Number of protein chains: 2
Amino acid sequence: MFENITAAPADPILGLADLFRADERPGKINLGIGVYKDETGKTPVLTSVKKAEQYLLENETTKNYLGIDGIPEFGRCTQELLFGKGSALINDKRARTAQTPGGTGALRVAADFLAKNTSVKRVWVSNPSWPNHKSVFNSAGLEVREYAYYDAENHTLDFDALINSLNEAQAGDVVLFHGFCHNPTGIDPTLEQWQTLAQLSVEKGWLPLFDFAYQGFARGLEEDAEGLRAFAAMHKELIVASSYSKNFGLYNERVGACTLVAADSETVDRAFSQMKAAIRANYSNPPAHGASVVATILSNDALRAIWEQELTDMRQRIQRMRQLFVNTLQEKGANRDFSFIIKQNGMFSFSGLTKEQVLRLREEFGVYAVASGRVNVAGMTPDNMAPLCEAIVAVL
Amino acid sequence: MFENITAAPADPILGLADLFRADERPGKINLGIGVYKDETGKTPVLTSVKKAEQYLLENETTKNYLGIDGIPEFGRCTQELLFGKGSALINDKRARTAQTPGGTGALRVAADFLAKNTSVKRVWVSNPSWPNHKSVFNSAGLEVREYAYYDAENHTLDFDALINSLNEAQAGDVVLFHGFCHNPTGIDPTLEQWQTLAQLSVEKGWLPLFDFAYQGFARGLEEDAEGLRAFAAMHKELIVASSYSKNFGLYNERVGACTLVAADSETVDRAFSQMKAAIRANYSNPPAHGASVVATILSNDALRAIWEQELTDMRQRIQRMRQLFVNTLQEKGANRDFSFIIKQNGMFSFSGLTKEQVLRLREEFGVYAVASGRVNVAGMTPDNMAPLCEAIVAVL
Ligand SMILES: *Cc1c(COP(=O)(O)O)cnc(C)c1O
Ligand SMILES: *Cc1c(COP(=O)(O)O)cnc(C)c1O
């Protein structure tokens with residue numbers, strides 16, 4: 001039965017890690033996968049997280065199955081982070097949240113639900129986008145269409161092109177929007193641009209689906225949720241696939257959420273029963289550990305205060321690395337103005353390196369970046385900044 | 001978009017828990033979901049598990065993403081449990097294991113992989129079977145066909161009917177076999193019957209898919225794997241979806257495995273690359289906590305010794321409850337001979353109660369059982385045995 005099975009091409013992000021962990025070379029630098037590193041080049045378990053885990057170890061009395069939608073408190077805390085504490089969506093019981101195995105699991109659950117319960121057949125994703133988006137949607141049997149986004153020449157959000165591209169999207173089509181810290185460009189719409197997009201989708205009949213993976217990494221928790229909230233104020237329906245992998249440094253525990261919003265309480269509940277059915281036929285119910293850690297921290301004032309500071313430190317360190325990256329490049333003889341990098345939000349810098357330069361950095365210098373030229377600024381430290389900038393000027 | 005979405009019917013197993021947790025009645029008894037309870041009616045975290053968690057809390061230095069297939073040691077330990085320590089399958093590198101979110105996640109991953117990479121269109125499941133089987137396979141777009149199994153009159157495995165039913169399965173069809181402790185009947189083939197089935201599937205060209213969820217609950221770890229091993233000795237290809245939810249009492253951490261076996265090392269690796277692609281488009285990579293607990297316990301002699309004893313205690317307690325159940329029923333005036341129950345393996349007793357009796361037990365007596373008449377013997381204790389047996393004799 002498996003004789004003719006052709007091997008899958010390696011994942012552009014995840015396969016990079018296999019390569020790097022096989023490179024016998026001593027001074028290799030990993031700027032591939034979107035994982036935070038501290039000044040020492042380590043990815044530590046957050047202190048707030050270690051504290052919550054100790055608490056769980058002392059307080060858990062059972063590992064009995066959670067419900068299909070997970071820990072209730074987790075869902076409540078998630079809605080407040082997304083929409084705001086006194087949100088009308090929350091007060092009108094218009095939103096239902098399912099705890100899922102990461103943000104990826106949330107996108108897959110949303111896709112399956114949409115494919116099997118609605119008339120949706122097409123999902124619009126930005127060009128460029130997180131490589132795994134197409135893959136998740138195609139799995140559920142939906143086709144992926146692209147909308148213009150990045151102006152590679154001016155390293156800018158090409159808003160008119162974005163608008164003109166989306167005019168091809170029909171009423172009933174899903175349009176995927178990144179929450180903030182656009183992966184891979186780091187270029188996000190201004191609040192006005194978000195308001196324009198919100199009235200446009202309400203006018204064109206699009207169903208918005210948000211991929212919210214970096215809340216807290218651009219400006220702050222509440223600020224980073226602005227575009228999404230601008231949308232929630234005017235849409236009767238929307239879906240948010242959020243992740244706690246990066247903002248809680250809980251990558252391997254798989255902590256995410258799929259939030260479904262409908263016009264009213266009764267509609268959302270009916271719709272949510274089908275989402276739960278899609279979950280039961282996939283992984284049954286979600287993993288307790290990471291979500292439990294998130295609920296514990298968000299529910300405890302002291303733990304929350306510590307976590308928020310840790311997130312603030314991650315955000316600030318990336319900002320310092322960005323500045324450092326463009327200065328050192330300038331000092332190392334890089335003749336291009338890489339100043340645009342200072343303008344990007346989040347962990348990633350879309351460098352503008354070509355496929356071959358990215359390939360050469362790897363083969364000749366052991367510097368690993370994604371083939372698209374996306375480099376993880378959070379993987380940079382003052383110690384590896386110089387050899388890294390030396391490698392880059394050499395391939396230009 | 002969601003206005004016409006019809007509500008899903010509640011899950012026959014999982015929805016039962018919502019009901020029970022809403023029943024204001026004081027003496028309700030839960031014999032629904034397949035979760036172990038100790039003599040006090042609690043589902044404690046195993047001691048071996050608590051010990052491994054303490055160890056992880058002290059020793060983990062990062063929550064960095066695992067690879068798509070999970071913790072390597074977890075996969076190795078899984079193959080030894082399944083096939084045996086000195087297995088040729090292991091020595092010839094013919095098997096590849098992906099750590100998955102529970103046994104359900106493993107079945108879904110196997111389904112997606114089969115749907116997208118092979119010529120398979122039909123999966124055969126026993127009548128009766130775990131209610132969620134049809135649901136998982138239909139999700140991947142495969143159709144489910146049934147094969148005869150249980151003789152309700154003689155409370156026996158109707159082997160000739162099983163054989164005659166499967167003669168309708170074509171070469172290239174998948175035939176799902178339960179490992180041991182058949183859910184829901186508790187009736188399993190003898191070792192000879194397993195050998196007969198193994199030569200028959202090799203002759204008919206069927207691809208065997210095992211749902212192995214109760215290793216350790218019938219007779220022991222190695223004994224419970226007999227039928228599967230009889231199959232592995234003669235098949236070039238097979239898939240095993242195993243679960244650690246029940247034997248490690250790790251229900252909510254979602255710990256399972258999907259093991260792919262091919263004719264050789266190179267074929268299995270090619271085939272596994274596609275399975276990994278199916279995982280990446282679903283939940284990306286697996287949750288670390290529970291699998292890490294399993295790898296820690298299985299890799300440590302002291303922790304393993306403790307775990308094995310705990311599993312032995314669970315097995316023995318269920319055996320005592322079975323005897324107790326049939327005696328008390330006999331004492332309480334139940335006129336049917338329920339002695340057949342003594343012959344069933346695992347947590348479940350297929351009682352023979354009709355849909356209406358099951359419904360009445362619930363509405364009038366607060367005794368919750370699955371509509372099929374499946375009752376969780378592991379949910380019984382000496383304290384609730386009498387009121388439970390009283391309720392049953394009253395609906396007969
Ligand atoms: C990281 C990420 C995800 C999801 O990651 P999970 O690790 O599955 O939580 C989804 N979308 C974007 C844009 C991301 O960066
Ligand atoms: C419990 C069970 C499963 C899977 O359960 P998970 O909790 O998803 O690990 C699969 N098959 C059978 C027969 C089971 O009893």
Side-chain angles (χ1 to χ4, degrees), chain A residues 1-2 4-9 11 14 100-102 104-116 132-144 254 277-284, chain B residues 67-70 96-125 130 132-144 172-176 207-211 237-243 254 256-262 268 270-287:
Chain A
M1 198 91 45
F2 314 139
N4 300 317
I5 297 177
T6 196
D11 192 273
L14 297 210
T100 63
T104 300
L107 290 164
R108 181 59 179 269
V109 165
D112 279 346
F113 158 79
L114 289 176
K116 113 233 206 292
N132 202 43
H133 277 147
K134 186 182 179 69
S135 198
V136 170
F137 300 119
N138 285 346
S139 281
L142 306 179
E143 195 52 70
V144 178
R254 318 304 300 129
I279 294 163
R280 173 65 165 161
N282 183 351
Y283 56 82
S284 201
Chain B
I68 296 153
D69 55 334
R96 296 295 302 276
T97 302
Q99 173 200 142
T100 63
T104 300
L107 290 164
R108 181 59 179 269
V109 165
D112 279 346
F113 158 79
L114 289 176
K116 113 233 206 292
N117 301 104
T118 76
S119 58
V120 167
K121 4 72 186 99
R122 210 136 210 87
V123 179
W124 293 75
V125 189
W130 182 47
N132 202 43
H133 277 147
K134 186 182 179 69
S135 198
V136 170
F137 300 119
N138 285 346
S139 281
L142 306 179
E143 195 52 70
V144 178
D173 275 3
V174 180
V175 177
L176 192 292
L207 172 68
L209 173 46
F210 282 80
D211 187 345
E237 308 167 322
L238 58 89
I239 298 166
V240 185
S242 54
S243 179
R254 318 304 300 129
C258 184
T259 299
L260 187 60
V261 175
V268 77
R270 246 190 298 128
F272 197 65
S273 74
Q274 292 291 174
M275 184 168 282
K276 280 162 65 173
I279 294 163
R280 173 65 165 161
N282 183 351
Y283 56 82
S284 201
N285 37 260

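All chains are named by letter (A, B, ...) in the order of the sequence lines, taking the proteins before the strands, and each is independently numbered beginning at 1. Heavy-atom basis, side chains included; hydrogens, waters and symmetry copies ignored.
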Looking only at non-hydrogen atoms, find the nearest pair between A/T6 and B/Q274 and report the distance.
-> O-OE1, 2.7 Å

For the residue pair B/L114 and B/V123, establish whether any side-chain heavy-atom pair is separated by less than 4.5 Å.
-> no

How far does CD1 of A/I5 sit from CZ of B/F113, to the nearest 0.5 angstrom?
-> 4.0 Å

Under 3.5 Å, side chain of B/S273 to main-chain N/O of A/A8, donor-acceptor pair present?
-> yes

Main-chain N/O of A/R280 paired with B/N132 side-chain donor or acceptor, under 3.5 Å = yes

Tightest non-hydrogen contact, residues A/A140 and A/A115, listed as O-CB, 3.3 Å

Inter-residue atom distance B/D211.CG - B/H133.NE2, 0.5 Å rounding = 3.5 Å

Stepwise, does the side-chain contact (heavy atoms from CB on, under 4.5 Å) test hold for B/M275 with B/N117?
-> CA-CA 9 Å; B/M275 184 168 282; B/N117 301 104; over 6 Å; no

Work out which heavy atom in B/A257 is nearest to a heavy atom in B/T97; give both atom names and the distance.
-> CB-CG2, 3.7 Å

Test salt bridge (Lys or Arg N to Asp or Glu O under 4.0 Å) applied to B/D173 - qualifying residues, sequence neighbours left out = none

Salt bridge (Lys or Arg N to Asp or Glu O under 4.0 Å) partners of A/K134, counting only residues at least two apart = A/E143

Kindly indicate whether the side chain of B/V174, heavy atoms from C-beta on, has any atom under 4.5 Å from the side chain of B/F137.
-> no

To the nearest 0.5 Å, what is the distance between CD1 (B/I239) and CG (B/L207)?
-> 5.0 Å

Main-chain N/O of B/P287 paired to B/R254 side chain as donor or acceptor, under 3.5 Å | no

To the nearest 0.5 angstrom, please state how far the CG atom of B/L107 sits from the OG atom of B/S135.
-> 11.5 Å

From CA spacing to verdict: side-chain contact (heavy atoms from CB on, under 4.5 Å), B/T104, B/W130 | CA-CA 11 Å; B/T104 300; B/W130 182 47; 3.2 Å; yes

B/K121 and B/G172 have their tightest heavy-atom pair at NZ-O, 4.3 Å

How long is the gap from CG on A/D11 to OG on B/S284, to the nearest 0.5 Å?
-> 7.5 Å

Nearest-0.5 Å distance, OG1 of residue A/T100 to OH of residue B/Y283 | 13.5 Å

Nearest heavy-atom pair of B/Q99 and B/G70: which atoms, and what distance?
-> NE2-CA, 3.2 Å

Search all heavy atoms of B/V240 against all heavy atoms of B/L238 and return the closest pair with its distance.
-> CG2-CD1, 3.7 Å

Check whether any side-chain N or O of B/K276 sits under 3.5 Å from a backbone N or O of B/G67 as a donor-acceptor pair, and report yes or no.
-> no

Please list, chain by chain and in numerical order, all residues satisfying salt bridge (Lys or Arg N to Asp or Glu O under 4.0 Å) with B/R270, sequence neighbours excluded.
-> none

